[PDB]
Every structure is written in structure tokens, then in C-alpha cells.
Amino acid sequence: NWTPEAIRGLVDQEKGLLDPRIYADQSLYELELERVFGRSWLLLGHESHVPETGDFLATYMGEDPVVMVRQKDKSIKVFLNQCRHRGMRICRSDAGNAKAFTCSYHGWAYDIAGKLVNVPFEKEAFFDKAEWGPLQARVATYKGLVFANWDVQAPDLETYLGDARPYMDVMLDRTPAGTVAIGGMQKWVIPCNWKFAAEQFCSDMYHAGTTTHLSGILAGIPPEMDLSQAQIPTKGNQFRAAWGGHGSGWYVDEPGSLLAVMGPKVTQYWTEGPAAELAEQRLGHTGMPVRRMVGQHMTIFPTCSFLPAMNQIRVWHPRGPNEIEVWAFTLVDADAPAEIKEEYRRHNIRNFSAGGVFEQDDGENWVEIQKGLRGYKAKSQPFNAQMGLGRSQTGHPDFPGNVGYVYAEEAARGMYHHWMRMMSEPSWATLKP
């Protein structure tokens, strides 16, 4: 029994207080499934995961198991992986290509679209099949990326994404052919609330540029080169969305941390090259110098995060207030050279896999935070999110949006604000931009 008055008293973007009960309390999460994950746009993957007709990918929308499957008409339809007779999972494999779908319990047959087509012994034992198939979701695509939403009256992806759109095209729209996904989907389980993961890739450069990834950068630099040249970055800019809570952070000018993460060959394709300068003309009108963007993180609300400079994509599946699954793949430009695509594959394994020199440290951080939140006095006093307060201009002469300093938490205060709105406001009549 959480009322709007009480929910509003958990997040204060004006001061910078965060009530810890949001990561722990069972009831707030059970409301999150309804109020957030039941009506937000969620990343299901990339178009190239389902290139041909019949191709499918068993993924998740919050805790709802969902089937993303390409159609005859080159469109993508998404539905609940639940047979509506007695709840049985219809598509039972991670990914593949089927002509149809059949329940293994009583044998209800479905076509590729999720339409119910045959129920065994129908004229003998029976009702209308037309309104008894799995619940379809809204399906939208933003140049490769496939998103889905349950709510019929929620804004279309384009609107929901808002003023952040150009920032997404940094990783996505770089060529006429677009990007493609490398095969394989990395899946592992971290015992912590999803909000830590979303917030990190939103505004948390402050962890990478201090202590969390001191060993991560130690792995990248040459055996001779210790933490002396690795030059520790200092400059960078942080974006906050006008509406949505979407955020992004990137280092500016200083190419220190990127050379360690992705190596020499990748950085040439990103900073100084035929394709690197192509983006500065394809996205020149977006008011952004892409050649200066070196090392970047970005979170799309609620559970979408991606590092444009390293091309890592991940979806944080919530698994109770105390746990999350982590699904991740990587993207590459469809027409890029093979040896740039190979260095993208190897390094994204090296740094950002389950056993990656970077992700190892993030998990162990989040493991301890969640564990501490079992105690009473650990949920008594508010967390500090006052970093960079009153230091974001809405008209920065280098990047569009609410921009300030890189080690700030305005993008973080934005994420918790939209969250607070989506939890306290029941109707889209008030919530829409």
C-alpha cells in the first residue's frame, strides 16, 4: 500500500536525496512491474537477430517471457511466451527458426504471428480462437534496435526517446547499410536491483574515472606501459533528457581510457578515418562533434544501456528487488572491414563479458550494496545524489540538451525523477511530454 504522497517522498532532484528503500522493498518492485515495466519501451534486441522470415528470439519484458519473431511481410511481431490455456511456455528454445509454434501440454498450435490457429479436438470437445492467443505488444524500431511496449496509449518510441535521439545515432546511424549484431547473447545473474545498473550507464563515469576500473585499465595498456601514460581523463560532458530520464556521459578530447578499452585499431575507425569523418557530416546537423567523443555511456529508460565508443549493448532484466539477469550483445557497422569487426568482438569479450576485466569489478560493487540494504539503519538515511547540482545549462554550445560536467549526477537525478513520475502518476494524460 504505497500512495503517491509517499512515493514522491523518495526522490528529490532539487536537493539530491535518495531513499534507499527503493532498491530493497518488495512492494515497490511489484508496483514497478505494473507501473514501469508494464508500460515502458523495452529493448528486445537488434533487427539482425531475426533477419529472415520465421526467425525468433525468446527474450524478456521485465519478467514477462516474450517471443520476438520476424514475419512474412518483413515486419516484427512480439507476444507473450504463454499459452492461454494453462500457462505453458510455447516457444521453448532460446532462438532459432520455426514454421509454427506448438504447446507441449495440450497442443494448441500458433502461427508465426502469434495468432491461434488450431486447438485439438475442437468440434468434439468445444469458445473463439480469435481472441484467445498470446497478448501482442507494440513493436517499434529505431534504426536497427527493436523496442516493445504493452500499453496501447503510451507514446510511440520516437516520442518516448525524445531529445536523446541524436545521441543514439552515434552508435547506430553511421552508414547507409546501418549496423549488424555479432552472434551470441551473453547472459549472467547479478544479485542486485536493476536501478544500480541503469543509473551507472546513465551518469556514472565517476566510478570508472576513480577506483572501480583501475585494474580494468591496467589490463589494456601494454606490459611496459604502467598507469603513467594511460593518462587519466579529466574532461567530458553529461547529457540529460528533456523528458524520460534518459542520460549519457562521455569523455571529451582526452582519448586515454578508450585506447585501453578497445585498443589502437578500433580507435582509428572511430576518431580519424573515412568512416569517422563520414559521421561528422551524416550527424553534423545534430549539433555534435563525434570525433571528439571518446569513451561513452548511455541509458535508455528503464532497462537499456549501451557504450557507443565500445559498441556494447545490454538489457537489464529485473528478477525481484534483490536480483537481475544481464543480457548483452555487441553491434558493428554492416559494411566495415572484417579486422575492425574482429577487434570489436575480442575486446568486448575482454572487457565486458561475464568474466570481463571491467564487468568483474562492477558486479562485486553491486553485490555488496544490495547485501548491505538488508539492514534497518542502512535504509534509514538518504543517499547522496547532489553531484553537479545547479550546473546544467539547457543550451550548451557543443551538445544539445541539459548539459554540464561529466562527474555529475543531473542525468542521475533525471532518471530517478521520471521513475518517480511513472510510479506516482497512473495516467498517460499527465505523464506524456
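Numbers for residues come from their place in the sequence shown, where the first is 1.
Where coordinates are absent for parts of the deposited sequence, a chain break appears; between neighbours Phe126 and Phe127 it spans 4 to 9 residues. For the two regions 87-95 and 208-216, the entry's Cα B-factors average higher over 208-216.
As recorded in the PDB entry, 170-178 is the stretch of 359-367 and 170-178 with the greater mean C-alpha temperature factor. Highest CA B-factor among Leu44, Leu31, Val67, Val403, as stated in the entry: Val403.
Across the options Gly133, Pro233, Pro318, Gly184, the residue with the most elevated CA B-factor in the record is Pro233. When the CA B factors of the chain's modelled residues are split into thirds, the value for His417 lands in the middle one. For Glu63, the recorded CA B-factor ranks within the lowest third of the chain. Only modelled residues enter the ranking. For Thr267, the recorded CA B-factor ranks within the highest third of the chain. Only modelled residues enter the ranking. In the deposited entry, the Cα temperature factor of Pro397 sits in the top third of values across the chain's modelled residues. Sort the modelled residues of the chain by CA B factor and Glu224 lands in the highest third.
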